[PDB]
């Protein structure tokens, strides 16, 4: 769950769909703060936007940018 999330989130950053700031904020939040239920949301989004990294990035931002800041 963690391994996979980190890899994808780096991939998005490297591909330019998320900025460095959000990646850093997000990984911190996911690693420590994010609750069991909140991890299930993230896992679920990742699986839904497989071939659509742009839509995934936009979704993670829309859902979690407030919580991670």
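Numbering follows the first chain given and starts at 1.
The deposited CA B-factor of residue 15 belongs to the middle third of values across its chain.
Split the chain's modelled residues into thirds by C-alpha temperature factor. Residue 62 is in the lowest one. For residue 50, the recorded CA B-factor ranks within the highest third of the chain. Only modelled residues enter the ranking. When the modelled residues of the chain are ordered by their C-alpha B factor, residue 42 lands in the lowest third.
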